[PDB]
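In what follows, a single structure is set out as structure tokens and then discussed.
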Amino acid sequence: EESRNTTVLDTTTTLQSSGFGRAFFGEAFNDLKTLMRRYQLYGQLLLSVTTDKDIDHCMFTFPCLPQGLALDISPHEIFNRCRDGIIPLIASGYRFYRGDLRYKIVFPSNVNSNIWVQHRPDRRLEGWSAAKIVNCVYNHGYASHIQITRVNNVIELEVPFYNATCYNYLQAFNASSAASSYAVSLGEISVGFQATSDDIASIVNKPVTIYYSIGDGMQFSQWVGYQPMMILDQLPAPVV
Amino acid sequence: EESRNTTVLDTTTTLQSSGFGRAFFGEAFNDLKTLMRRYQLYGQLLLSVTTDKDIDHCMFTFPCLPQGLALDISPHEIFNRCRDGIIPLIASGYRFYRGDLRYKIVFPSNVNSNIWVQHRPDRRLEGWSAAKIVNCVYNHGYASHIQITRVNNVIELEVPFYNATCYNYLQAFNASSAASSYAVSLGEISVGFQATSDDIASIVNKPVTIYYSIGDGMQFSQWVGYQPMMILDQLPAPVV
Amino acid sequence: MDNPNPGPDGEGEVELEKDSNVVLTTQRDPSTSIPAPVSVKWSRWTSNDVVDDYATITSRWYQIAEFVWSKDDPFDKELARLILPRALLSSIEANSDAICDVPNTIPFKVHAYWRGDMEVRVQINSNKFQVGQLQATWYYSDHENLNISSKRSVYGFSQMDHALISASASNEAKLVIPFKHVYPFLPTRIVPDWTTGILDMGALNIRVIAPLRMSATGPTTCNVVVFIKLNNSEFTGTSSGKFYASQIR
Amino acid sequence: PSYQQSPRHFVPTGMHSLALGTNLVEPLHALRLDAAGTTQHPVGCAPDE
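Top to bottom, those sequences are chains A, A', B and C. A prime marks a further copy of an entry chain. Those letters in the first sequence? Residues 2 to 74, 79 to 141, 150 to 253, by the entry's author numbering. Those letters in the second sequence? Residues 2 to 74, 79 to 141, 150 to 253, by the entry's author numbering. Those letters in the third sequence? Residues 1 to 44, 46 to 250, by the entry's author numbering. Those letters in the fourth sequence? Residues 3 to 51, by the entry's author numbering.
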């Protein structure tokens with residue numbers, strides 16, 4: 002058995018527990034779920050106008066999942086340098102999950118146009134490749158929200174759990190079973206603008222950042238051990 | 002003994018105490034802690050774009066401490086003229102401290118881009134030199158916040174006490190012990206923009222002001238006498 | 001009052017400060033200046050090893066610095082910047098032997114981590130006709146400041162609480178110094194997170210205020226002895242004595 | 003339910019007060035992990051002054 006204990010040979014006196022930092026810092030940390038709701042960068046993109054897009058056109062689509070994206074490293082100096090952050094490092098330790106996610110997408114300053122955001126629980130996830138942000150229409154019956162840039166250029170979201178499942182896969186997904194692609198993402202969030210073709214040209218190569226966190230609904234399943242890890246200071250310095 | 006009293010030779014009748022201004026001005030002042038939460042200028046910088054910075058790049062980093070910065074005096082006419090303000094003048098009188106700090110960083114008008122702000126309790130402070138504001150990536154697991162310039166260009170902060178210490182050094186720090194550098198700053202706050210390379214050129218040589226105050230958590234330790242002082246009217250006038 | 005009848009035994013009562021087997025006396029009443037209240041044991046938060054008291058052996062008094070003080074020393078002049086958990090060892094390794102010969106300090110040789118409150122007496126043996134006044138001041142973490150080179154003066158250390166030694170009445174300065182540092186333990190040897198500043202609590206510094214003023218036929222010398230008791234110490238982290246490097250000269 | 007009752011009519015300002023340092027609840031953005039968290043002083047770390 003793993004967690005058995007054959008013969009304790011303790012030398013120690015009993016330590017005063019700090020109560021996981023509650024005694025010093027005035028706050029507990031034993032519950033890792035209350036750390037999980039600290040926001041983490043999900044994926045940062047650069048806007049790129051390909052066609053003279055209609056107002057209906059989504060500017061980018063991305064699947065929505067707590068696993069962390071297919072990591073997209079001119080590299081992005083965070084994903085080149087600060088690997089993975091927190092939440093997929095915890096999410097490596099659990100085979101399944103079930104629960105909500107929060108997003109809080111942040112938009113740049115020079116944009117002014119109105120923003121529509123969709124949840125699409127119809128969309129499956131086909132393989133771990135193309136499970137990243139994709140620069141590409151608006152739809153009716155999908156769950157929708159418009160944030161106005163002029164009031165405040167940061168939308169916030171509580172994207173719920175819409176799966177016909179008991180829980181969903183949390184490790185990186187190879188798409189073995191064909192219906193199992195229905196059971197990885199919560200759905201698919203799409204961000205699109207109402208900007209016309211003349212004004213969206215100014216917004217090219219502006220960053221759009223998306224954050225994420227779980228938001229109290231998430232409850233992880235059966236334990237799985239960690240994968241092999243990379244130690245970050247061993248990464249090379251940029252020789253100049 | 003210092004505070005002993007050998008022979009009182011009083012001539013006075015007993016004075017009516019005003020209750021430290023409560024009787025006249027409607028407010029007490031005996032508690033110096035309630036004066037400490039009045040904000041004071043921490044350090045004012047001028048933006049300077051060195052490289053065509055990525056969106057991840059911090060625009061400036063600075064250690065976070067109630068001691069007052071290594072004072073950076079074209080001089081800044083306040084730090085040339087109004088020396089030190091209040092809070093390091095009180096903080097000269099105590100060898101240690103322990104508690105929170107508040108910041109309320111104020112940003113200029115012509116900036117529009119989104120602002121991310123980090124607390125980094127990993128960062129030590131190596132010597133009293135390079136304990137000032139430094140014009141230089151974004152990180153995941155550090156405590157973060159984004160203020161949007163378009164809503165309001167002044168972020169506010171409650172940066173907590175994250176040290177593995179009983180308290181921290183409050184006089185100016187010479188970095189004698191190597192691990193003692195972990196125990197001076199509360200951490201390191203970094204302010205960085207999401208501005209692209211084209212629009213950040215307009216924001217060059219715009220002032221970014223940072224304030225500070227303690228915010229009710231601060232509790233100063235063992236008394237230490239004051240250092241030698243400079244009298245401010247003795248400073249020379251600008252002969253024209 | 002007002003009936004001094006001295007016999008063969010002198011007049012005054014010889015007051016004791018009995019401890020373990022080192023017993024020392026002074027003829028005059030002390031002038032203590034306690035800086036901080038008494039601290040807790042602190043063994044519950047960061048030591049699971051055998052945290053053993055040694056009050057039978059470590060609470061003995063021990064002379065760590067005697068020095069000659071004459072009238073040639075000026076007004077604002079240092080005499081001894083004793084760093085007290087170091088100077089208990091530095092007087093030993095200065096005095097031609099190792100730590101294992103002095104029974105006060107062998108738990109520093111064995112154990113690696115120290116805590117504890119100190120008692121410090123600064124006795125003088127001035128003649129009554131001399132006029133002068135030393136001061137003793139405890140400061141916390143002198144070497145952890147660079148600006149003490151501006152402060153190392155009698156006017157700075159007078160503002161904090163400090164003991165006074167008048168050479169007129171040959172007063173003695175008892176001085177309780179409770180342990181107060183940022184981390185609740187001082188290590189005793191090279192330790193994986195700091196090396197420099199080993200076992201440093203701060204400065205006991207003895208600054209002259211009133212220099213010796215005497216006649217032309219005056220007693221020039223005035224020796225000053227400093228003893229130290231170490232009572233509420235706790236030692237933890239037992240390790241081998243071959244790891245213990247010598248303290249710095 | 004439709005909420006047709008007419009709403010509030012305020013004044014915005016950009017910054018909380020600075021000279022106020024007293025019985026006054028100050029809202030911030032704490033980088034602490036806990037909302038009820040306050041920096042604390044254990045049994046030896048309660049400061050003298």
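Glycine is no exception: its CB is placed at the ideal position from the N, C-alpha and C atoms.
Determine the DSSP secondary structure at residue i, reduced to helix, strand or coil.
i                      : result
A':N140                : strand
residue 78 of chain A' : The gap in chain A' between 74 and 79 takes in residue 78 of chain A', so it carries no coordinates here.
B:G242                 : helix
B:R82                  : strand
A:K34                  : helix
A':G154                : coil
B:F228                 : strand
A':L94                 : helix
B:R214                 : strand
A:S203                 : strand
B:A168                 : coil
A:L245                 : helix
B:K110                 : helix
A':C65                 : strand
B:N206                 : strand
A':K54                 : coil
A':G238                : coil
A':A24                 : helix
Taking the alpha carbon of residue i as the reference point, which residue from the options has its own alpha carbon closest?
i       : options                           : result
A:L46   : A:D53, A:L72, A:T162              : A:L72
A:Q184  : A:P126, A:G69, A:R125             : A:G69
A:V217  : A:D53, A:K109, A:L10, A:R86       : A:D53
A':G104 : C:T40, C:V45, C:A21               : C:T40
A':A191 : B:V177, B:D194, B:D162, B:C223    : B:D194
A':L66  : A':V172, A':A177, A':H58, A':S193 : A':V172
B:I166  : B:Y140, B:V132, B:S154, B:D143    : B:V132
B:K230  : B:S43, B:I107, B:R61, B:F180      : B:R61
Work out the CA separation of residue j and residue i for me, nearest whole Å.
i       : j       : result
A':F84  : A':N119 : 29 Å
B:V103  : B:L213  : 35 Å
A':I92  : A:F186  : 55 Å
B:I149  : B:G7    : 51 Å
A':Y43  : A:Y102  : 45 Å
A':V221 : A':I227 : 20 Å
C:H11   : A':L106 : 34 Å
A':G132 : B:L187  : 22 Å
B:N3    : B:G10   : 14 Å
A:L48   : A:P80   : 15 Å
A':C179 : A':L199 : 13 Å
A:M231  : B:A204  : 55 Å
B:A137  : B:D54   : 29 Å
A:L245  : A':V150 : 14 Å
A:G238  : A':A96  : 49 Å
A:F233  : C:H31   : 29 Å
A':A136 : A':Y195 : 13 Å
B:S92   : B:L16   : 25 Å
B:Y141  : A':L10  : 35 Å
I'd like the list of long-range same chain contacts for residue i, defined as Cβ closer than 6 Å, with 5 residues on each side in sequence excluded.
i                      : result
A':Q123                : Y155, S157, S203
residue 256 of chain B : One cannot answer for residue 256 of chain B here, as it falls past the ends of chain B, which runs 1 to 250.
B:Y114                 : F186, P188, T237, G238
What does the Cβ neighbour count give for residue i, buried or exposed, with the cut at 16 atoms within 10 Å?
i       : result
B:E13   : exposed
A':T209 : buried
B:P37   : exposed
A':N181 : buried
B:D29   : exposed
A:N166  : buried
C:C47   : buried
A:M243  : exposed
A:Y225  : buried
A:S4    : exposed
Which residues in the same chain have their Cβ closer than 7 Å to the Cβ of residue i, if we skip the five residues on either side of it in sequence?
i       : result
A:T162  : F112, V116, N117, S118, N119, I120
A':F25  : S19
A':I223 : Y43, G44, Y108, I110
For residue i, which residues in the same chain have their Cβ closer than 8 Å to its Cβ, ignoring the five residues on either side in sequence?
i       : result
A:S215  : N115
A':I168 : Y108, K109, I110, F112, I120, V122, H158, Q160
A':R125 : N152, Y155, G200, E201, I202, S203
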